[PDB]
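As a convention, Cβ positions derive from the backbone with ideal geometry for all residues, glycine included, and neighbour counts pool all protein chains shown. What follows is calculated from the coordinates using simple rules that are stated; it is not laboratory data.
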Amino acid sequence: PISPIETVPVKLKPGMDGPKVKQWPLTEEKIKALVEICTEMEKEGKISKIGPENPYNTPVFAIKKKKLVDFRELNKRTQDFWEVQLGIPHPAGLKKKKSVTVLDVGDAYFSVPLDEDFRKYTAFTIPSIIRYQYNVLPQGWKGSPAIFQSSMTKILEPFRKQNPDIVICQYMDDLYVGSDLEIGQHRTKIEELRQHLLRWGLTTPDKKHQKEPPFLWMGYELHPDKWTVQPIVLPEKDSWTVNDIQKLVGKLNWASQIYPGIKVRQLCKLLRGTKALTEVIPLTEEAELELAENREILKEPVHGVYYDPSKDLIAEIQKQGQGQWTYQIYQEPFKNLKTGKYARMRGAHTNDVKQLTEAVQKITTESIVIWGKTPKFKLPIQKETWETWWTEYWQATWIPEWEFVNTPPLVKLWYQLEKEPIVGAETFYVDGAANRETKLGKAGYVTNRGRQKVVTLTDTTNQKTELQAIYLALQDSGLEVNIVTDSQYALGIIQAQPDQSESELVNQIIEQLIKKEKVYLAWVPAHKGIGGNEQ
Amino acid sequence: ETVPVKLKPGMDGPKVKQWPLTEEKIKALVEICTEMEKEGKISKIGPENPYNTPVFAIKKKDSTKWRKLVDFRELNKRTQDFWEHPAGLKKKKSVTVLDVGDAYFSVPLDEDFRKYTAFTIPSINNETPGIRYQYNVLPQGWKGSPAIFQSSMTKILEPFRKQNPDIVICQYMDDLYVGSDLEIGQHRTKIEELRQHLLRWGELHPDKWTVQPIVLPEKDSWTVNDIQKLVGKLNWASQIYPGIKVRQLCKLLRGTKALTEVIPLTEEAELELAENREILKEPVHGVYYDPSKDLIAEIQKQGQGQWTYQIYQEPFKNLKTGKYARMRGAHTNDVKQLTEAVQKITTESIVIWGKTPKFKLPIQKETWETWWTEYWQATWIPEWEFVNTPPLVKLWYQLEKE
Ligand SMILES: CCOc1ccnc(CCNC(=S)Nc2ccc(Cl)cn2)c1F
């Protein structure tokens, strides 16, 4: 079962040499075992056998399947090749076919010729209480895969060209063939293909010995016209361990994409303070009620369809809460191709709108991979909202063709600072300062209306104070307020209308800001002669 | 023949990932490459080659034809420098650019360097492994290419350089810049003339941009707020013009008056202001283009399709500054605008210093990388980083000569 395809030229990483590790003694039952098995590989097509030349010993232990090797060293010293599998084909990107067959090309590695000037660098050793090398791609070797694929890739080119309506997909030691030919028509080409791969040493299984739909995928159950979320159910446990929860919460998270509604906030709770992975944790009632309610959900599986080039792509989104979004792409309403959820945190600043934007951006690229197209978007945001937002934002932002959808809750702007001072509205001259080293400071205000205030702050920083000043101002002030400040940092923050932060304090302010009728914020240079900021 | 080329010592071939592409672009690319394969300009490669460079496709302006584009930024960064600039075009009245990418295909590439030019045509949904190739000729968008073709280029142009030592021609990458003072009439003809002279083997206005002044507000009646804002801008300004005075003003601002409060200007203050207006009438002194150091490009989004930029090698010592008003078509697309922008600016630096500046773009990496290619149109790709527009710098440049 050898192949007459020209080997690819393999080199050892420059400046390095073939292995020299030692072979470790073995039972006599394992000696006489590898002995009479190698004898096989030899007459066949695999091994050769050598002597004192090419002293590149490579470990050769044996374990039974209740011969084998280890090139760890070799591998280390072998060059690098190209990206074997920059990512796996996700179901939503497939089109329905009339018939699908998969050909397991098992020992295809060993069917491919190795680079002769390289075989050298492969050596054996079998102590009799007997030294070989390789001539074909060996199980475990760095380049076997990348090479075998490539080989396969060429071998298929003609056929693929001659039978264009036939879609072959290569994955590991497997071939995925689909088509829109009536049955017998398909079977025939399958053998044509199969006998083609055999006209090259790569032997495959007879239709009598082949795999049958549906097929299991990235958790999917695949049929020629429909895919189904391989139903899943959590275990009923009497004693829950740390690791257990971790794994559950993990498996639970995966699911939430397909079955949005799944929750784990109360399980994640169980992990707080864990002393050891093997620890056993009690189950909050809230914790049980979640498990049960989650299991109800994970009951009725999910049915789906494939991608019809003919129809356009639609992606719609909803905000499951603050910063957590749910999306579903499809062509025929309710005929979902894909569904998903994202739930991101942040830094000193963010707002639903921009977050919505980021979701969109993700979906796009995700789509571009799956369909090489970006879907039309159905966004729970008013055009005016979007409009007034982006045209004013400091950063460059955009959204491909999208269209509003009144599917509350809608993402809106929780507030908007005035563009000019509010006439007849108090004017606070906030200012904050604290001694860097000693976390302790003060921060107060003084209005044109002669109102005043200042609080001492035990344990704080500068910005915490500045922001605080501003917070104060906001607290006691009224629906209309003018606030001058010299905080470079504070300016930006607020400026950018954030509606969610990591800082409780910032959040504090955000609430306040939301609460007021009209708020104008002004910045002025620090420590100059500028009044208010002077007194 | 082909001259031996090498990477700078120690360095190794780029191994940059292929960003996913749209079908539309892929089909186009596949088509393009297959043709180019037949012609022997490129050739499929194997896995023993572990290098990679990004590629994509862009339809040229006033063209409905798909153009293949490769990002050799990394690679160029790594190829040995080859040691092989006109101040004319800088001053010229009009300039037009010529794409001679083709020139390069004619010439072969050292066989030992070829490996490095490995690039990859991706497949959708990862359905098929990618299509890998490497050049056999001198590739377009490579810094080594214009270099190795330099020689031939000269002679090719000589008969025009001689026939017209009144016109200027600077080459940069796949680009050929030519500028004369003749009216567009006698101009386009000489360009189109030259153009033919090239086909044989096989507008712009530099005199209108340089730097602008910082116009300052001017109102009938000033309020506390007004004064403050003003003072703010100046103070910052002083960083460029240390002569800027802001005392007289900062006095008026003494007390805790409502922002809306109106305030009359001290005659003393009026002078102060007056003096600053005077200063700000011209770019500060002592600004020299150093060629040993890198050229920088900062861009601020001003809103309303408005964009402001400054080119500098050192902070507060800009060499040039400008504005850019979006082009009717980006009615709603920030990324489109920014790209166009970035483009002009690079183009200008080329004219001026014939050297690409590094950008500081006010935009998320994510955003920029999902779509920039979709609006790009140039044989070259400048360097760039992403930032958070400091609120000050904007309110300042928003104050440009309108
Ligand atoms: C387990 C699915 O196998 C494959 C995976 C990836 N690609 C192919 C070939 C492409 N076939 C196409 S367009 N669609 C398609 C539809 C249903 C099923 Cl069950 C398999 N393939 C496959 F056959």
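With the convex hull built on the Cα atoms of segment A:179-263, state its orientation-averaged projected area in nm². If you can, show how the numbers build up before the last one.
On the way: hull surface 37.9 nm².
That works out to 9.5 nm².
Note on B:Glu383 and B:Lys162: the model spin-label points, each 7 Å out from Cα along the C-beta direction, lie 4.0 nm apart. Scalar couplings 3J(HN,Hα) for segment B:305-314, obtained by applying the Karplus form with A = 6.51, B = -1.76, C = 1.60 to θ = phi - 60°, are x, 7, 9, 10, 9, 9, 10, 7, 10, 9 Hz; x denotes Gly and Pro.
When all alpha carbon pairs of the protein assembly as shown are counted in 10 Å bins from zero, the resulting P(r) reads 2, 9, 14, 17, 19, 17, 12, 7, 3, 1, 0 %. Protection proxy ranking, highest mean first, for peptides B:256-266, A:4-14: B:256-266, A:4-14, where packing is the per-residue count of other beta-carbon atoms within 10 Å, averaged.
Annotation note: GluC sites (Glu not before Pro) in segment A:433-515 located in DSSP loop regions with a Cβ neighbour count of at most 13 within 10 Å are A:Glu437, A:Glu502. Dividing the convex hull volume of the alpha carbon atoms of chain B by its residue count gives 189 Å³ per residue.
Residues whose amide H lies under 5 Å from that of B:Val137, counting only those 5 or more places away or on a different chain, are B:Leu109; hydrogens are built 1.01 Å from N in the peptide plane.
Take each residue of peptide B:41-53, count the partner chain Cβ atoms within 10 Å of its Cβ, and average: the result is 5. Computed from point charges on the beta carbon alone (+1 for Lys and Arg, -1 for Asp and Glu), the dipole magnitude for chain B about its Cα centre is near 120 Debye. A straight line joining the Cα centroids of segment A:1-59 and segment B:194-225 runs 71 Å.
Counting only other chain Cβ atoms within 10 Å of each residue's Cβ, the peptide A:388-394 averages 4. Remark: mean inter-chain Cβ contacts per residue of A:366-374 equal 5, using a 10 Å Cβ-Cβ cutoff to other protein chain atoms.
Protection proxy ranking, highest mean first, for peptides B:57-65, B:160-168: B:160-168, B:57-65, where packing is the per-residue count of other beta-carbon atoms within 10 Å, averaged.
For segment B:337-400, the dipole from Cβ point charges (+1 on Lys and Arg, -1 on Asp and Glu) about the Cα centre works out to 200 debye, to the nearest 20.
Starting from the Kirkwood radius over alpha-carbon pairs of chain A, derive D by Stokes-Einstein at 20 °C in a medium of 1.002 mPa s and give it in µm² s⁻¹.
For these conditions, the coefficient is 72 µm²/s.
Sequence-ordered 3J(HN,Hα) estimates for segment A:71-82 from the Karplus curve with 6.51, -1.76 and 1.60 and θ = phi - 60° stand at 9, 1, 6, 2, 2, 3, 7, 7, 4, 10, 10, 9 Hz, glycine and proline given as x.
The listed peptides B:148-155, A:172-179, ordered by packing as a protection proxy, come out as A:172-179, B:148-155 (highest mean of other Cβ atoms within 10 Å first).
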